[PDB]
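Chains as they are written, first to last, in the authors' numbering: chain 14, 1 to 69; chain 1G, 2 to 182; chain 16, 2 to 54; chain 10, 8 to 84; chain 1S, 3 to 112; chain 1Q, 1 to 141.
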RNA sequence: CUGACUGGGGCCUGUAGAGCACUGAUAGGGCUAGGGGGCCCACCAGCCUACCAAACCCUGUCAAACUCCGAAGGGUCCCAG
RNA sequence: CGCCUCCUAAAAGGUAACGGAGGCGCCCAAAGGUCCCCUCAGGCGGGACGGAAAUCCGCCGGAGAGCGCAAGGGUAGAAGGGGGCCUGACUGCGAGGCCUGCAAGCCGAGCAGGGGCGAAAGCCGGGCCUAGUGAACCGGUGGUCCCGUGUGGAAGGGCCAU
RNA sequence: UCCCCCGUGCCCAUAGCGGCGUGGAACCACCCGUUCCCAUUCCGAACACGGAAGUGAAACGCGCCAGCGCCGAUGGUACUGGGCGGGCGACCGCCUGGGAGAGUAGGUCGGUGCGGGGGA
RNA sequence: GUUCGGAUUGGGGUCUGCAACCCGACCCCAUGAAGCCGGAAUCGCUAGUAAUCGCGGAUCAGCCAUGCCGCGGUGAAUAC
RNA sequence: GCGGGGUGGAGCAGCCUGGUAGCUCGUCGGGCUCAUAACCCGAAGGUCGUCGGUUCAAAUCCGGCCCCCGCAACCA
Ligand SMILES: [Mg+2]
Ligand SMILES: [Mg+2]
Ligand SMILES: [Mg+2]
Ligand SMILES: [Mg+2]
Ligand SMILES: [Mg+2]
Ligand SMILES: [Mg+2]
Ligand SMILES: [Mg+2]
Ligand SMILES: [Mg+2]
Ligand SMILES: [Mg+2]
Ligand SMILES: [Mg+2]
Ligand SMILES: [Mg+2]
Ligand SMILES: [Mg+2]
Ligand SMILES: [Mg+2]
Ligand SMILES: [Mg+2]
Ligand SMILES: [Mg+2]
Ligand SMILES: [Mg+2]
Ligand SMILES: [Mg+2]
Ligand SMILES: [Mg+2]
Ligand SMILES: [Mg+2]
Ligand SMILES: [Mg+2]
Ligand SMILES: [Mg+2]
Ligand SMILES: [Mg+2]
Ligand SMILES: [Mg+2]
Ligand SMILES: [Mg+2]
Ligand SMILES: [Mg+2]
Ligand SMILES: [Mg+2]
Ligand SMILES: [Mg+2]
Ligand SMILES: [Mg+2]
Ligand SMILES: [Mg+2]
Ligand SMILES: [Mg+2]
Ligand SMILES: [Mg+2]
Ligand SMILES: [Mg+2]
Ligand SMILES: [Mg+2]
Ligand SMILES: [Mg+2]
Ligand SMILES: [Mg+2]
Ligand SMILES: [Mg+2]
Ligand SMILES: [Mg+2]
Ligand SMILES: [Mg+2]
Ligand SMILES: [Mg+2]
Ligand SMILES: [Mg+2]
Ligand SMILES: [Mg+2]
Ligand SMILES: [Mg+2]
Ligand SMILES: [Mg+2]
Ligand SMILES: [Mg+2]
Ligand SMILES: [Mg+2]
Ligand SMILES: [Mg+2]
Ligand SMILES: [Mg+2]
Ligand SMILES: [Mg+2]
Ligand SMILES: [Mg+2]
Ligand SMILES: [Mg+2]
Ligand SMILES: [Mg+2]
Ligand SMILES: [Mg+2]
Ligand SMILES: [Mg+2]
Ligand SMILES: [Mg+2]
Ligand SMILES: [Mg+2]
Ligand SMILES: [Mg+2]
Ligand SMILES: [Mg+2]
Ligand SMILES: [Mg+2]
Ligand SMILES: [Mg+2]
Ligand SMILES: [Mg+2]
Ligand SMILES: [Mg+2]
Ligand SMILES: [Mg+2]
Ligand SMILES: [Mg+2]
Ligand SMILES: [Mg+2]
Ligand SMILES: [Mg+2]
Ligand SMILES: [Mg+2]
Ligand SMILES: [Mg+2]
Ligand SMILES: [Mg+2]
Ligand SMILES: [Mg+2]
Ligand SMILES: [Mg+2]
Ligand SMILES: [Mg+2]
Ligand SMILES: [Mg+2]
Ligand SMILES: [Mg+2]
Ligand SMILES: [Mg+2]
Ligand SMILES: [Mg+2]
Ligand SMILES: [Mg+2]
Ligand SMILES: [Mg+2]
Ligand SMILES: [Mg+2]
Ligand SMILES: [Mg+2]
Ligand SMILES: [Mg+2]
Ligand SMILES: [Mg+2]
Ligand SMILES: [Mg+2]
Ligand SMILES: [Mg+2]
Ligand SMILES: [Mg+2]
Ligand SMILES: [Mg+2]
Ligand SMILES: [Mg+2]
Ligand SMILES: [Mg+2]
Ligand SMILES: [Mg+2]
Ligand SMILES: [Mg+2]
Ligand SMILES: [Mg+2]
Ligand SMILES: [Mg+2]
Ligand SMILES: [Mg+2]
Ligand SMILES: [Mg+2]
Ligand SMILES: [Mg+2]
Ligand SMILES: [Mg+2]
Ligand SMILES: [Mg+2]
Ligand SMILES: [Mg+2]
Ligand SMILES: [Mg+2]
Ligand SMILES: [Mg+2]
Ligand SMILES: [Mg+2]
Ligand SMILES: [Mg+2]
Ligand SMILES: [Mg+2]
Ligand SMILES: [Mg+2]
Ligand SMILES: [Mg+2]
Ligand SMILES: [Mg+2]
Ligand SMILES: [Mg+2]
Ligand SMILES: [Mg+2]
Ligand SMILES: [Mg+2]
Ligand SMILES: [Mg+2]
Ligand SMILES: [Mg+2]
Ligand SMILES: [Mg+2]
Ligand SMILES: [Mg+2]
Ligand SMILES: [Mg+2]
Ligand SMILES: [Mg+2]
Ligand SMILES: [Mg+2]
Ligand SMILES: [Mg+2]
Ligand SMILES: [Mg+2]
Ligand SMILES: [Mg+2]
Ligand SMILES: [Mg+2]
Ligand SMILES: [Mg+2]
Ligand SMILES: [Mg+2]
Ligand SMILES: [Mg+2]
Ligand SMILES: [Mg+2]
Ligand SMILES: [Mg+2]
Ligand SMILES: [Mg+2]
Ligand SMILES: [Zn+2]
Ligand SMILES: [Zn+2]
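Structure representation (structure tokens):
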């Protein structure tokens, strides 16, 4: 490479909020992230976060079977 | 040269599994990465504040490599464009710096992305190459909220040595690209 | 040759004689022309300078 | 009734000046042309307006080298 | 459909012929470096020299300088003195520059 | 009626009418044809007259093929002017037609239906004509 | 003896004719963006088109200022009458 | 009404009309010299803001792009695009020819002076080319130190340049 | 004197597009590195250097196939130099010498010079 | 454009009523619009008044009442 | 035949000197008035006669066609 135009690469410490640490190289020796590959919802198989909804509607009402027949 | 995780992972896990699925008879027949090119079609800096050392300083931190200018090929009325006007940046990553960038890209960037639901399956060249877009450069780890004046994403082109989308798809998924469908 | 594209001379900066005549666009090139040319008097090259025609 | 036309230019008398097998002196003009219809070959100069002329005393020869164009030569006598 | 290698090759070679000299054309491969002096008026090679024919050693650059002093050595024996350097697609530098300088010390004129 | 939709040049020199046709000399589409026996500039006004006549016989039915087209611009100086002051103005368009061309071909019609419209068509033309039907010679070109 | 003309030989040319490869023109057919039209929609797509019609392919044609071709001739130089 | 391009023009050159069409009366200090490197328009596919069209990746694409400006010719085996160093957009000449009634117009190898680029072979006396122009008379201006009306100067003229 | 490869020419698509197959001992290429010379409007991609673990995957070279491209007769015609007739013309004929273009048959998946390196 | 402002909507509940789709009120989670003091123009009030604050009642199952009829708390400026 | 011209609904600018469409009236919504006018406050509407070309870009520069105004059309 040309000298004096290039940011310098060093061993880097990317930290996640799950406590995943990643061994890599970067222009900054230490970085923290909010999220990573090791914990993300879409990422971890199909960990369907806050909603394992299945909708639930619309057959789902069912309140109740008390209307007469 | 540098030992890094993805570069290592390619030879160790990606290489053999690929030779499995498609049964190549030559080591060079099997899919490789050649280059990842990063681009910022910018052009918001056509006239206005054609001082984009702020984004060249950005891209230089993201990739550890000084971007080059792109300039207008032809003048355009509707775009307010003088021929030769400075309208974008482009850095070409090969070899070690290519891996290191993809490494941070796959492990960090795409996760930090707004409502990420997987890379687009269909952005495949037809000749086995792949392209994707970013709305924000904050998506990376080396760019804090502080050091930015404005939102500026980018174009990302990854070239394979593959011939079909299918070998390309496999090479990239095996490396660690998250596809929705 | 025009109103903006003027004619001019080059004066040898050493012996002060004019040995070459040419033109320029005085809007595109407001400074005086400076060029090295063979001066037939000094018998060598000399910086020649644009002077009024 | 009137014409918005009327004009044309002076003819320029272009073309080959010396044909193959003709004896020429150094300097003789061989071909007058607009662009390189013919190309200078051995012993043949080309001037700023494409004019092919002989560099040595001798005899003219033409050669048609396909996609390489047509060439004029002078062979020393 | 030509390539930069091919075009550059013609580009310098065409300018060399026009000056009518004998051409000292140089081939440089990954291992070896060859050189032949050609009379283009006959389509004919008049003298040659190559590392591969001289069975020479290691350092490509010194190897070049040596195949150079060689080519001249055989050359002056045939009366050849004036000649012109065909740097082909190769930038005048490194291995090729070295062969050239070898030819010069040998007394070949250019 | 027929005329070019646009052209590189507005006015065309007159030229000649020597020789038999260069082509157009064999039946190519329909069942019967009308062929020119002598040279002429056939005007668009005649071609349309001849065409209309043929559709007028058929009423409902048939298909008419026009194999000539008026692309040559026709010039005339304004009435009562003297020679000079430039070329006349374009006033109409003509089809340059030499001996042996098929100008019109018909299809989808009885033979008497075709002989007759081609005949009636023929009267509308400034030249002599011969009616011909498709032969293996036509087939073989 | 070098001339008009003539014989052989080389080189030069873009006409007659022809051709549609380029620039344009061009009739019908195929295929098919774009619109127009008729169904169904405003949830945004769809379907039919004896409608006008790009580009492409086919058949068939036109051109002083079109040429993938291309004569007979003509010009010039050498040797000879 | 002068100049350039095309056709008419009958395949050398030339060729008329109040025949058919267009352009010029500029421009560039780089759009010049040279060394080094580079290859277009367009089509399909892929890509945040991004559109028919900005910039990015791939594949096909001999030239349909580009070459300041009209047209023709030429041209990527560059005359097109980028960069470095530069001013040959030279002084003194010019063998030999194109064209041609004259006068003009044009092309030019080579020798010398002093230079520019190049390792060099070499190239360079402006520009891919063909328009961008005006003979002489009269005078202005810088230089030259040639004549100077008895003599020394001067006045005024000659010569080179504009 | 024959075969293969590396150079460098000539002929200027009968040499090209596509498809299939083949070659790594040798040569060539990719290749292994980026210390050094040198280099990127960023990138050792290019150019360049020092190399020799692998591979003929890309490239290249060598063969095969006529789908495209390219070449293409014989015959006949158009036209025509010169010589004659015919028509009021537009135009049309005969004689002698010359003779296309289209198309048809058909050919083509190159030939050859010189110098190197290897093999018989 | 905020701990200002509380429209718009999404989701979930209570109640009245035979019945709240058109078409009720209320509660809760989330959404958090216009609006930075209002163009030409124009209204009310002379003292316990104007301004500001809450409370009740009639109608009435519930209620689209921010309307109306009353009631007190605090409480001015100014009239040449 | 020569010169000038076509721009919201009416009538004129902008064109020469390419990038930006303006003025008065009129229309529409509001205000004053019992009401109307006038007057006051806001607001809509020209894709520049066409088709072609030059340009990076055309109301503007160049060509074609169309319609309008003015002048000419003489010795005969
Ligand atoms: Mg895809
Ligand atoms: Mg960030
Ligand atoms: Mg690929
Ligand atoms: Mg008139
Ligand atoms: Mg006129
Ligand atoms: Mg004329
Ligand atoms: Mg003339
Ligand atoms: Mg003339
Ligand atoms: Mg002419
Ligand atoms: Mg000629
Ligand atoms: Mg020259
Ligand atoms: Mg020149
Ligand atoms: Mg020959
Ligand atoms: Mg020769
Ligand atoms: Mg040979
Ligand atoms: Mg005539
Ligand atoms: Mg007539
Ligand atoms: Mg006429
Ligand atoms: Mg008229
Ligand atoms: Mg006339
Ligand atoms: Mg006329
Ligand atoms: Mg008519
Ligand atoms: Mg005909
Ligand atoms: Mg008749
Ligand atoms: Mg045919
Ligand atoms: Mg004699
Ligand atoms: Mg003679
Ligand atoms: Mg003679
Ligand atoms: Mg003769
Ligand atoms: Mg003809
Ligand atoms: Mg055509
Ligand atoms: Mg065809
Ligand atoms: Mg004709
Ligand atoms: Mg012609
Ligand atoms: Mg012709
Ligand atoms: Mg001939
Ligand atoms: Mg002639
Ligand atoms: Mg002759
Ligand atoms: Mg002859
Ligand atoms: Mg004789
Ligand atoms: Mg003049
Ligand atoms: Mg001519
Ligand atoms: Mg001619
Ligand atoms: Mg001629
Ligand atoms: Mg002449
Ligand atoms: Mg004019
Ligand atoms: Mg420059
Ligand atoms: Mg240049
Ligand atoms: Mg330069
Ligand atoms: Mg492209
Ligand atoms: Mg695209
Ligand atoms: Mg988009
Ligand atoms: Mg785009
Ligand atoms: Mg071009
Ligand atoms: Mg220097
Ligand atoms: Mg002379
Ligand atoms: Mg003369
Ligand atoms: Mg002249
Ligand atoms: Mg020198
Ligand atoms: Mg030097
Ligand atoms: Mg010279
Ligand atoms: Mg230029
Ligand atoms: Mg010029
Ligand atoms: Mg001149
Ligand atoms: Mg006088
Ligand atoms: Mg006079
Ligand atoms: Mg004087
Ligand atoms: Mg004196
Ligand atoms: Mg005196
Ligand atoms: Mg004294
Ligand atoms: Mg004296
Ligand atoms: Mg004195
Ligand atoms: Mg004096
Ligand atoms: Mg004096
Ligand atoms: Mg002078
Ligand atoms: Mg070879
Ligand atoms: Mg060979
Ligand atoms: Mg092949
Ligand atoms: Mg193999
Ligand atoms: Mg192969
Ligand atoms: Mg090997
Ligand atoms: Mg092996
Ligand atoms: Mg190695
Ligand atoms: Mg280093
Ligand atoms: Mg070292
Ligand atoms: Mg490398
Ligand atoms: Mg292979
Ligand atoms: Mg190669
Ligand atoms: Mg075969
Ligand atoms: Mg041929
Ligand atoms: Mg043929
Ligand atoms: Mg024949
Ligand atoms: Mg005759
Ligand atoms: Mg005949
Ligand atoms: Mg005959
Ligand atoms: Mg015969
Ligand atoms: Mg012919
Ligand atoms: Mg033939
Ligand atoms: Mg073949
Ligand atoms: Mg050999
Ligand atoms: Mg051998
Ligand atoms: Mg807000
Ligand atoms: Mg309700
Ligand atoms: Mg709030
Ligand atoms: Mg607001
Ligand atoms: Mg505030
Ligand atoms: Mg308030
Ligand atoms: Mg208020
Ligand atoms: Mg008021
Ligand atoms: Mg009161
Ligand atoms: Mg109550
Ligand atoms: Mg109540
Ligand atoms: Mg309500
Ligand atoms: Mg209340
Ligand atoms: Mg108006
Ligand atoms: Mg004006
Ligand atoms: Mg203006
Ligand atoms: Mg109103
Ligand atoms: Mg009113
Ligand atoms: Mg344009
Ligand atoms: Mg505008
Ligand atoms: Mg326009
Ligand atoms: Mg336009
Ligand atoms: Mg107009
Ligand atoms: Mg009058
Ligand atoms: Zn994590
Ligand atoms: Zn001097």
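Even for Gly, the Cβ is constructed at its ideal location relative to N, Cα and C.
Ignore the nearest five residues each way along the sequence and tell me which others in residue i's own chain have a CB closer than 8 Å to its CB.
{"i": "residue 79 (chain 14)", "result": "Nothing about residue 79 (chain 14) can be reported from this structure: the residues present for chain 14 run from 1 to 69 only."}
Would you kindly check if the distance between the Cβ of residue j and the Cβ of residue i is under 9 Å?
{"i": "residue 92 (chain 1G)", "j": "residue 110 (chain 1G)", "result": "no"}
{"i": "residue 101 (chain 1Q)", "j": "residue 36 (chain 1Q)", "result": "yes"}
{"i": "residue 24 (chain 1S)", "j": "residue 69 (chain 1S)", "result": "no"}
{"i": "residue 181 (chain 1S)", "j": "residue 36 (chain 1S)", "result": "For chain 1S, the structure presents residues 3 to 112; residue 181 (chain 1S) sits outside this window and is missing."}
{"i": "residue 134 (chain 1G)", "j": "residue 156 (chain 1G)", "result": "yes"}
{"i": "residue 63 (chain 1Q)", "j": "residue 106 (chain 1Q)", "result": "yes"}
{"i": "residue 35 (chain 14)", "j": "residue 25 (chain 14)", "result": "no"}
{"i": "residue 105 (chain 1G)", "j": "residue 14 (chain 14)", "result": "yes"}
{"i": "residue 36 (chain 16)", "j": "residue 22 (chain 16)", "result": "no"}
Can you give the Cα-Cα distance for residue i and residue j, rounded to whole angstroms?
{"i": "residue 63 (chain 14)", "j": "residue 38 (chain 14)", "result": "42 Å"}
{"i": "residue 154 (chain 1G)", "j": "residue 63 (chain 1G)", "result": "12 Å"}
{"i": "residue 57 (chain 10)", "j": "residue 32 (chain 1Q)", "result": "60 Å"}
{"i": "residue 99 (chain 1S)", "j": "residue 62 (chain 1S)", "result": "12 Å"}
{"i": "residue 103 (chain 1Q)", "j": "residue 89 (chain 1Q)", "result": "27 Å"}
{"i": "residue 107 (chain 1S)", "j": "residue 19 (chain 1G)", "result": "56 Å"}
{"i": "residue 34 (chain 10)", "j": "residue 63 (chain 10)", "result": "7 Å"}
Give every residue of the same chain whose Cβ lies closer than 7 Å to the Cβ of residue i, excluding the five residues on either side of it in the sequence, and list them in chain order.
{"i": "residue 118 (chain 1G)", "result": "181"}
{"i": "residue 43 (chain 1S)", "result": "none"}
Here's a check: name, in chain order, each residue in its chain whose Cβ is nearer than 6 Å to the Cβ of residue i, leaving out the five neighbours to either side.
{"i": "residue 114 (chain 1Q)", "result": "32 and 106"}
Validate contact between the stretch 24-42 of chain 1G and the stretch 78-97 of chain 1G using beta carbons, cut 8 Å, 3 pairs: yes
Three CB pairs or more closer than 8 Å across the stretch 36-47 of chain 16 and the stretch 33-48 of chain 10: no
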